[PDB]
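For reference, coords-v3.txt is printed below; it contains compact mmCIF, C-alpha atoms and all ligand atoms.
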# COMPACT_ATOMS: atom_id res chain seq x y z
CA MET A 25 5.71 -19.99 1.60
CA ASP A 26 9.14 -19.02 0.21
CA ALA A 27 11.10 -15.94 -0.86
CA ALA A 28 10.08 -16.11 -4.52
CA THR A 29 6.41 -16.19 -3.49
CA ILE A 30 6.86 -13.13 -1.29
CA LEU A 31 8.64 -11.27 -4.15
CA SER A 32 5.84 -12.14 -6.57
CA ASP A 33 3.33 -10.99 -3.91
CA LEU A 34 5.12 -7.65 -3.53
CA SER A 35 5.17 -7.13 -7.30
CA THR A 36 1.40 -7.68 -7.45
CA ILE A 37 1.03 -5.04 -4.72
CA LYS A 38 3.22 -2.65 -6.74
CA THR A 39 1.04 -3.20 -9.79
CA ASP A 40 -2.15 -2.62 -7.74
CA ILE A 41 -0.80 0.67 -6.35
CA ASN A 42 0.17 2.01 -9.77
CA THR A 43 -3.24 1.08 -11.15
CA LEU A 44 -4.92 2.96 -8.29
CA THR A 45 -2.79 6.03 -8.97
CA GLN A 46 -4.00 5.94 -12.57
CA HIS A 47 -7.60 5.93 -11.30
CA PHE A 48 -6.90 8.86 -8.97
CA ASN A 49 -5.38 10.99 -11.72
CA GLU A 50 -8.51 10.50 -13.87
CA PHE A 51 -11.05 11.09 -11.06
CA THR A 52 -13.66 13.76 -11.83
CA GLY A 53 -16.01 13.17 -8.86
CA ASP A 54 -18.10 10.61 -10.74
CA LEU A 55 -19.40 7.84 -8.47
CA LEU A 56 -18.89 5.02 -11.02
CA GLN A 57 -15.23 6.07 -11.17
CA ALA A 58 -15.17 5.81 -7.39
CA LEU A 59 -16.68 2.32 -7.52
CA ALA A 60 -14.05 1.24 -10.07
CA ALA A 61 -11.21 2.57 -7.95
CA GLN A 62 -12.66 0.98 -4.77
CA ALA A 63 -12.61 -2.46 -6.47
CA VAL A 64 -8.87 -2.00 -7.12
CA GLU A 65 -8.39 -0.74 -3.57
CA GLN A 66 -10.09 -3.88 -2.21
CA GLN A 67 -7.89 -6.06 -4.45
CA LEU A 68 -4.91 -4.18 -3.01
CA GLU A 69 -6.08 -4.92 0.55
CA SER A 70 -6.41 -8.62 -0.32
CA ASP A 71 -2.98 -8.70 -1.98
CA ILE A 72 -1.29 -7.07 1.04
CA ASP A 73 -2.99 -9.60 3.35
CA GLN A 74 -1.83 -12.42 1.03
CA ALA A 75 1.78 -11.16 1.24
CA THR A 76 1.50 -11.05 5.05
CA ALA A 77 0.20 -14.63 5.17
CA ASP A 78 2.96 -15.83 2.85
CA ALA A 79 5.60 -14.04 4.95
CA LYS A 80 4.20 -15.62 8.13
CA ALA A 81 4.58 -19.02 6.44
CA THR A 82 8.25 -18.39 5.50
CA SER A 83 11.52 -19.37 7.26
CA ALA A 84 14.38 -17.02 8.19
CA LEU A 85 15.57 -15.64 4.87
CA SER A 86 19.01 -16.19 3.36
CA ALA A 87 21.13 -13.01 3.05
CA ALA A 88 20.37 -12.67 -0.67
CA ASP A 89 16.64 -13.30 -0.18
CA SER A 90 16.50 -10.87 2.72
CA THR A 91 18.09 -8.21 0.49
CA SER A 92 15.62 -9.02 -2.29
CA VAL A 93 12.55 -8.78 0.01
CA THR A 94 13.88 -5.63 1.74
CA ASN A 95 14.53 -3.86 -1.54
CA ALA A 96 11.18 -4.90 -2.98
CA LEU A 97 9.36 -3.58 0.11
CA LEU A 98 11.37 -0.34 0.19
CA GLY A 99 10.83 0.03 -3.56
CA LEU A 100 7.12 0.38 -2.81
CA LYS A 101 7.77 3.57 -0.79
CA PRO A 102 7.91 6.09 -3.67
CA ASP A 103 4.92 4.38 -5.34
CA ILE A 104 2.93 4.69 -2.12
CA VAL A 105 3.87 8.34 -1.65
CA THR A 106 2.98 9.07 -5.30
CA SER A 107 -0.38 7.29 -4.90
CA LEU A 108 -1.22 9.07 -1.67
CA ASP A 109 -0.25 12.41 -3.25
CA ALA A 110 -2.59 11.64 -6.17
CA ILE A 111 -5.69 10.99 -4.04
CA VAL A 112 -4.88 14.00 -1.81
CA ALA A 113 -4.71 16.13 -5.00
CA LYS A 114 -8.29 15.06 -5.74
CA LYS A 115 -9.73 16.03 -2.34
CA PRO A 116 -12.06 18.57 -4.01
CA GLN A 117 -13.49 15.79 -6.22
CA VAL A 118 -13.75 13.43 -3.28
CA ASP A 119 -15.66 16.12 -1.33
CA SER A 120 -17.99 16.84 -4.24
CA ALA A 121 -18.70 13.11 -4.61
CA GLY A 122 -19.29 12.90 -0.83
CA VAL A 123 -17.00 9.87 -0.42
CA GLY A 124 -14.44 11.20 2.07
CA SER A 125 -15.41 8.56 4.67
CA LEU A 126 -14.67 5.80 2.14
CA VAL A 127 -11.21 7.21 1.40
CA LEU A 128 -10.57 7.54 5.14
CA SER A 129 -11.76 3.98 5.82
CA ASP A 130 -9.52 2.70 3.05
CA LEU A 131 -6.49 4.66 4.30
CA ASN A 132 -6.83 3.29 7.84
CA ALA A 133 -7.26 -0.30 6.53
CA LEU A 134 -4.30 0.00 4.19
CA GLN A 135 -2.05 1.46 6.87
CA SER A 136 -3.00 -1.36 9.28
CA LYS A 137 -2.50 -4.06 6.66
CA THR A 138 0.78 -2.55 5.38
CA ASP A 139 2.11 -2.27 8.95
CA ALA A 140 1.29 -5.96 9.51
CA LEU A 141 3.08 -6.89 6.29
CA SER A 142 6.16 -4.90 7.30
CA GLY A 143 6.16 -6.55 10.72
CA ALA A 144 6.00 -10.01 9.16
CA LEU A 145 8.86 -9.23 6.74
CA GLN A 146 10.97 -7.77 9.55
CA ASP A 147 10.51 -11.07 11.40
CA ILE A 148 12.21 -13.10 8.64
CA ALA A 149 14.79 -10.56 7.43
CA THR A 150 18.41 -10.38 8.59
CA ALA A 151 19.05 -8.25 11.67
CA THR A 152 20.45 -5.43 9.52
CA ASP A 153 17.68 -5.61 6.93
CA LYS A 154 15.03 -5.51 9.69
CA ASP A 155 16.32 -2.09 10.76
CA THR A 156 16.24 -0.91 7.14
CA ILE A 157 12.68 -2.15 6.72
CA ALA A 158 11.58 -0.54 9.99
CA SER A 159 13.09 2.78 8.86
CA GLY A 160 11.33 2.68 5.49
CA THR A 161 8.08 1.68 7.18
CA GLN A 162 8.32 4.77 9.44
CA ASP A 163 8.33 6.82 6.21
CA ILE A 164 5.40 4.92 4.74
CA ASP A 165 3.50 5.41 8.03
CA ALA A 166 4.28 9.15 7.96
CA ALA A 167 2.82 9.39 4.46
CA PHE A 168 -0.35 7.55 5.52
CA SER A 169 -0.69 9.84 8.57
CA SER A 170 -0.51 12.92 6.36
CA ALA A 171 -3.20 11.61 3.94
CA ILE A 172 -5.41 10.55 6.85
CA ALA A 173 -5.10 14.02 8.37
CA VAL A 174 -6.11 15.55 5.04
CA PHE A 175 -9.22 13.31 4.77
CA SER A 176 -10.31 13.77 8.41
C1 LIG A 201 -0.56 0.46 0.23
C2 LIG A 201 -0.38 1.84 -0.34
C3 LIG A 201 -1.67 2.62 -0.46
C4 LIG A 201 -1.57 3.67 -1.56
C5 LIG A 201 -2.80 4.57 -1.59
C6 LIG A 201 -3.99 3.77 -2.05
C7 LIG A 201 -5.25 4.14 -1.85
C8 LIG A 201 -5.67 5.42 -1.15
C9 LIG A 201 -6.97 5.09 -0.43
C10 LIG A 201 -8.21 5.20 -0.91
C11 LIG A 201 -8.60 5.71 -2.27
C12 LIG A 201 -9.24 4.62 -3.12
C13 LIG A 201 -10.56 4.44 -3.29
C14 LIG A 201 -11.62 5.29 -2.61
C15 LIG A 201 -12.83 5.53 -3.48
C16 LIG A 201 -13.10 6.70 -4.10
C17 LIG A 201 -12.21 7.92 -4.08
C18 LIG A 201 -11.81 8.31 -5.50
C19 LIG A 201 -11.19 7.13 -6.23
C20 LIG A 201 -11.10 7.42 -7.70
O1 LIG A 201 -10.06 7.97 -8.07
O2 LIG A 201 -12.02 7.09 -8.48
Encoded form (structure tokens):
Amino acid sequence: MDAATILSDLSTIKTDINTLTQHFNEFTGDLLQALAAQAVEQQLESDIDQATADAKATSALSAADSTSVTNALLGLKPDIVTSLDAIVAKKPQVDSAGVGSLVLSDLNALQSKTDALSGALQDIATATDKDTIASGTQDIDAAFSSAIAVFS
């Protein structure tokens, strides 16, 4: 509903991602581990959708708020790349657990939901910040495409 809400929403997303990465780095193929990570992944999906809804409810951002939201979104990029790298690194464990289709389903959902979030933030950012967001989102989308290719 306002810029502070969107920033808080983006921080929650950041926390979710870093928690997932921790799960990935511990994954041994065990299905209970997979269940635990999927719960976090589903929380992440919900949190991204919440951010999108809050952004859709928000008026054209001041210059300072636009910078804040742009930097918070772009600040997710290395966390996303790190997280995607971490699950890719565990492809053998994913294959042995037989849960590749779940990873793939999750990746496609997350890409869709993240793209929607970026679109909504572009809509309320300054003209310059929109371009910056779009550019960073291209990079996030590239990273998703690579992970999807690995898991399909
Ligand atoms: C918005 C940025 C997205 C960052 C990447 C986040 C998730 C990658 C997608 C799916 C992986 C998560 C759960 C799938 C379930 C089991 C696979 C092993 C999980 C584990 O380790 O037990």
When you look at stretch 33-38 of chain A with a cut-off of 7 Å (counting all atoms listed in the file), what residues show up, excluding the ones that are within fewer than 2 positions of it in the same chain? I need them as a list in words.
residues 29, 30, 31, 40, 41, 42, 68, 71, 72, 75, 96, 97 and 100 of chain A
Atom pair atom CA of residue A:56 / atom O2 of ligand LIG 201 (chain A): separation (Å):
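Separation of atom CA of residue A:56 and atom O2 of ligand LIG 201 (chain A): 7.6 Å.
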Quick one: contact table of chain A to ligand LIG 201 (chain A), 7 Å max, nearest atom pair and distance in Å to one decimal per residue, counting all atoms listed in the file, chain and number order, as a Markdown table?
| residue | atom | partner | partner_atom | distance |
| --- | --- | --- | --- | --- |
| A:41 | CA | A:LIG201 | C4 | 5.7 |
| A:44 | CA | A:LIG201 | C6 | 6.4 |
| A:47 | CA | A:LIG201 | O1 | 4.5 |
| A:48 | CA | A:LIG201 | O1 | 3.4 |
| A:49 | CA | A:LIG201 | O1 | 6.7 |
| A:50 | CA | A:LIG201 | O1 | 6.5 |
| A:51 | CA | A:LIG201 | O1 | 4.4 |
| A:57 | CA | A:LIG201 | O2 | 4.3 |
| A:58 | CA | A:LIG201 | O2 | 3.6 |
| A:59 | CA | A:LIG201 | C15 | 6.4 |
| A:60 | CA | A:LIG201 | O2 | 6.4 |
| A:61 | CA | A:LIG201 | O2 | 4.6 |
| A:62 | CA | A:LIG201 | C13 | 4.3 |
| A:65 | CA | A:LIG201 | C12 | 5.4 |
| A:104 | CA | A:LIG201 | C4 | 4.6 |
| A:107 | CA | A:LIG201 | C5 | 4.9 |
| A:108 | CA | A:LIG201 | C5 | 4.8 |
| A:111 | CA | A:LIG201 | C8 | 6.3 |
| A:118 | CA | A:LIG201 | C17 | 5.8 |
| A:123 | CA | A:LIG201 | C16 | 6.2 |
| A:126 | CA | A:LIG201 | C14 | 5.7 |
| A:127 | CA | A:LIG201 | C10 | 4.3 |
| A:128 | CA | A:LIG201 | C10 | 6.9 |
| A:130 | CA | A:LIG201 | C10 | 4.9 |
| A:131 | CA | A:LIG201 | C9 | 4.8 |
| A:134 | CA | A:LIG201 | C1 | 5.5 |
| A:135 | CA | A:LIG201 | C1 | 6.9 |
| A:138 | CA | A:LIG201 | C1 | 6.1 |
Could you build a table of the residues in stretch 94-129 of chain A lying no more than 7 Å from stretch 153-175 of chain A, giving for each the nearest pair of atoms and their separation in Å rounded to one decimal place, using all atoms listed in the file, ordered by chain and ascending residue number, as CSV?
residue,atom,partner,partner_atom,distance
A:94,CA,A:157,CA,6.2
A:98,CA,A:160,CA,6.1
A:101,CA,A:164,CA,6.2
A:105,CA,A:167,CA,6.3
A:108,CA,A:171,CA,6.5
A:112,CA,A:171,CA,6.4
A:124,CA,A:175,CA,6.2
A:128,CA,A:175,CA,5.9
Write the residues of the selection above to a file with C-alpha atoms, as an mmCIF file, keeping the file's coordinate frame.
data_model
loop_
_atom_site.group_PDB
_atom_site.id
_atom_site.type_symbol
_atom_site.label_atom_id
_atom_site.label_comp_id
_atom_site.auth_asym_id
_atom_site.auth_seq_id
_atom_site.Cartn_x
_atom_site.Cartn_y
_atom_site.Cartn_z
ATOM 1 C CA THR A 94 13.880 -5.630 1.740
ATOM 2 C CA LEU A 98 11.370 -0.340 0.190
ATOM 3 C CA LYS A 101 7.770 3.570 -0.790
ATOM 4 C CA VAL A 105 3.870 8.340 -1.650
ATOM 5 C CA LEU A 108 -1.220 9.070 -1.670
ATOM 6 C CA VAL A 112 -4.880 14.000 -1.810
ATOM 7 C CA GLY A 124 -14.440 11.200 2.070
ATOM 8 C CA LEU A 128 -10.570 7.540 5.140
#
Report the distance between atom CA of residue A:88 and atom CA of residue A:39 in Å, rounded to one decimal place.
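Atom-to-atom, atom CA of residue A:88 to atom CA of residue A:39, that is 23.4 Å.
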A:64, A:87, A:121, A:79: which is nearest residue A:143, counting only C-alpha atoms?
A:79
Using atom CA of residue A:53 and atom CA of residue A:67 as the two end points, give the distance in Å to one decimal.
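Going from atom CA of residue A:53 over to atom CA of residue A:67 covers 21.3 Å.
The shortest atom-to-atom distance to residue A:133, with all atoms listed in the file taken into account, belongs to A:66 out of A:46, A:150, A:66, A:52.
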